[PDB]
Amino acid sequence: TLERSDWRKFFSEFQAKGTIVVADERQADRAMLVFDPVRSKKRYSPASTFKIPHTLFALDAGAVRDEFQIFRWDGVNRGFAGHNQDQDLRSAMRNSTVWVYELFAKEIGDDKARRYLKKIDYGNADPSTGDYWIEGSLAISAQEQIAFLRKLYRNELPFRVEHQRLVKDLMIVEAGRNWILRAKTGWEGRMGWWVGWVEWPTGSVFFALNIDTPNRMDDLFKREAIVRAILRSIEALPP
Amino acid sequence: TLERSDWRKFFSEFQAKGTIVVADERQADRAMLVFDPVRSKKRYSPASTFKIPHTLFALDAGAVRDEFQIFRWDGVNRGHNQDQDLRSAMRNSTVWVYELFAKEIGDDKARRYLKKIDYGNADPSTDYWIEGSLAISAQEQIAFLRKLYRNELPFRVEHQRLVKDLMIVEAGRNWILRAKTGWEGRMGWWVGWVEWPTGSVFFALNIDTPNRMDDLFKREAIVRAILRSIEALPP
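Residues numbered from 1 in each chain as written, not as in the entry; some residues may be left out. Chains lettered and ligands numbered in written order. Heavy atoms only, no water.

## Section: the pattern of salt bridges
(1) Moving on: Going through the model one piece at a time under the given rule, you end up with 42 salt bridges over all chains.
(2) Moving on: Its salt-bridge partner being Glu25 of chain A, residue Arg150 of chain A comes within 2.7 Å of it at the nearest N-O pair.
(3) Moving on: Between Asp212 of chain A and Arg39 of chain A there is a salt bridge whose closest N-O contact spans 2.9 Å.
(4) Moving on: Several salt bridges share partner residues, and in doing so they unite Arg90 and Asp169 of chain A together with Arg178 and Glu195 of chain B into one network. (Salt bridge = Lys/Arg side-chain N within 4 Å of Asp/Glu carboxyl O.)

If you want it as structure tokens, here you go:
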């Protein structure tokens, strides 16, 4: 691996404190790039980035059939336009609609959740807590997120390939003729994430960033701002 | 269906002659929008738009394992000159890769697949999808695409998802454009759909190409202009 201490300029540009791991697979046998190596190995609640493996759990357990199933909103104003309405998997993913996944968690159960977490060796694989991925015991590091994402990319997770493909499709955030950005944000109040990858004809560039959010909601834009600036600097995103 | 004769302005804007069928599912119980209904039902060689079903045939027959398998370029300069994977083959309409699949699949199996999905006239008599008797209409392309969208085709759902993935041409935070171009020489195509939170908007256009390659840009130009007019693509 290679430390990129010079990347501090990107974090300072947005007055943020955090870490980022970038694994560029476009060429062969390349070192992972990391800013703040120690923090990159520190485990934190995955927050909504957990929707990536959780969707696999839900599809595997039959808690959700496919991308067309609709889950009905209870009418409760949770203070999120994206949340205050019926949802399908894509809207739930795109808007981090936690209540939908709370439904899945209830149907899956704690015992099965533990088995699923163990089979994918996800962080501390501890679902002790309803939303164990937000306020529960579950925690994972930026480096561990990269390892997990690479397995999903390669269809190497112990789930139906159809489910792995559906989740990768749900993760689409942006795309051009020769590139596709797949990612997921996360925020649990004081910690924010943005993990995913951008695929190019010669290979994919994985990333996992987390930052503290002392300004709460006002710091959320920094997640994508920092990652995009870094990705652009290594030509992993169009200029 | 609803004939949008007023859409003639989009074709003339690009000095083109053709047809387009648009199925906007963002709305409940609606008719498809069509320019030149007669031509919309006329069958034409699918050309490279055939790569959508052909990839399913290839995956199903094991001619290709996944999106990571690499097919080595023979070094012939076809004017495609590099090793390819499914995505590069799709994006660039790399016919030789599919000629490879066709050879492994065989004529009998190809005919079986075509009849199973009742694709156009389902006739591979002869690249049968470019210079053979195989032909399909714009309306038939829409029907086929809708089945793929719904994971209703007679193939593994994982294969249908992979093909839909390979078709990605552009995307935004809440929209994804999946499409495939085709050109048989005298005419060309652009078929696919754009997905939005409230539903998907399917399209199938074909136009004549008297100016050959100089007319190719018109395929996307006309469709994009029409999609924008019904807010199916960002302004």
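Continuing now.
## Section: the interface of chain A and chain B
Many descriptions give the size of an interface as the accessible area lost when the pieces come together.
(1) Moving on: The interface of chain A with chain B comprises 29 residues on the first partner and 29 residues on the second.
(2) Moving on: Carbon and sulfur atoms make up 43% of the surface buried where chain A meets chain B, a total of about 2200 Å² over both sides.
(3) Moving on: Here chain A is connected to chain B by 9 salt bridges.
(4) Moving on: A salt bridge links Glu67 of chain B to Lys168 of chain A, with the shortest nitrogen-to-oxygen separation between them at 4.0 Å.
(5) Moving on: Across the chain A-chain B interface, the total number found is 15 residue pairs in polar contact.
(6) Moving on: Of all elements in the fold, only α4 (89-94), α8 (161-170), β4 (172-176), β5 (179-187) and α9 (221-233) of chain A reach the threshold of two or more residues within the side of chain A that touches chain B.
(7) Moving on: Element by element, the count of residues in the side of chain A that touches chain B is highest for α8 of chain A, at 6 residues.
(8) Moving on: Residue classes in the side of chain A that touches chain B are distributed as 10 nonpolar, 3 polar and 16 charged. (Contact = heavy atoms within 4.5 Å. Buried area = accessible area lost by both parts, 1.4 Å probe. Polar contact = N/O pair within 3.5 Å; in protein donor to acceptor, adjacent residues only side chain to side chain. Helix = DSSP H or I, 4+ residues; strand = E, 2+ residues; numbered from the N terminus. Nonpolar A, V, L, I, M, F, W, Y, C, P; charged D, E, K, R; others polar.)

## Some remarks on the packing of helix α3 (residues 51-61) of chain B against helix α5 (residues 95-105) of chain B
How two helices pack is summed up by the angle between their axes together with the distance between the axes.
Residue and element names in this part refer to chain B.
(1) Moving on: Remark: α3 packs on α5, axes separated minimally by 10 Å, with the N-to-C direction vectors making an angle of 45°. In terms of orientation, α3 and α5 fall into the oblique class. Our pair here, α3 against α5, has a crossing hand that is left-handed. Of the residues in α5, those in contact with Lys51, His54, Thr55, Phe57, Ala58 and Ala61 of α3 are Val95, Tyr98, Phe101, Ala102 and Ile105. (Axes fitted to C-alpha atoms, helices over the stretch in contact; angles between N-to-C directions. Parallel < 35°, antiparallel > 145°, perpendicular 65-115°, else oblique. Left-handed = near helix turned anticlockwise from the far one by under 90°.)

## Focus on the UniProt feature "active site" in chain A
All names here are of chain A.
(1) Moving on: The UniProt feature table records "active site" at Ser48.
(2) Moving on: Counting through the fold element by element, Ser48 comes out in the loop between α2 (37-40) and α3 (51-61).
(3) Moving on: Apart from residues lying up to four places away in sequence, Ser48 is in contact with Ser96, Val98, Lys184, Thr185, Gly186 and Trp187. (UniProt positions renumbered as here; feature names shortened; annotations may be inferred.)

## What about the layout of surface pockets?
With a probe scaled to a water molecule rolled over the atoms, the places where space remains empty come into view.
(1) Moving on: Of the pockets and cavities examined, the largest pocket occupies roughly 1000 Å³.
(2) Moving on: Lining the largest pocket we find 41 residues, and of these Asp88, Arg90, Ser91 and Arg94 of chain A together with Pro197 of chain B sit closest to its centre.
(3) Moving on: Ranked by residues supplied to the lining of the largest pocket, first place goes to α4 of chain A with 4 residues.
(4) Moving on: Split by residue class, the lining of the largest pocket holds 15 nonpolar, 9 polar and 17 charged. (1 Å grid on protein atoms, 1.4 Å probe; cavity = no way out; pocket = protein on both sides within 12 Å on 5 of 7 lines; lining within 4 Å. Points joined across faces, edges and corners; volume = space filled by probe spheres on them.)

## Notes on the UniProt feature "active site" in chain B
All names here are of chain B.
(1) Moving on: The UniProt record marks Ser48 with the feature "active site", using the residue numbering of this structure.
(2) Moving on: Here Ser48 lies in the loop between α2 (37-40) and α3.
(3) Moving on: Classification of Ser48 by relative accessible area gives buried; the value is 7%.
(4) Moving on: Ignoring anything within four residues of it in the chain, the contact list for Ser48 reads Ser93, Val95, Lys180, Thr181, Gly182 and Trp183. (Buried < 20%, exposed > 50% of the residue type's maximum accessible area, 1.4 Å probe, protein only.)

## What to know about the nonpolar core
(1) Moving on: Residues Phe57 and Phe101 of chain B are the most contacted members of the largest nonpolar core, which totals 52 residues.
(2) Moving on: Those residues in contact with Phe57 of chain B that sit more than four places away from it in its chain are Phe50, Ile105, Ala110, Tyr113, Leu114, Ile117, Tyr128 and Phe155 of chain B.
(3) Moving on: Listed in part, the 51 residues of the second largest apolar core include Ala92, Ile108, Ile120 and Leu149 of chain A. (Core = buried A, V, L, I, M, F, W, Y, C linked by side-chain atoms within 4.5 Å.)

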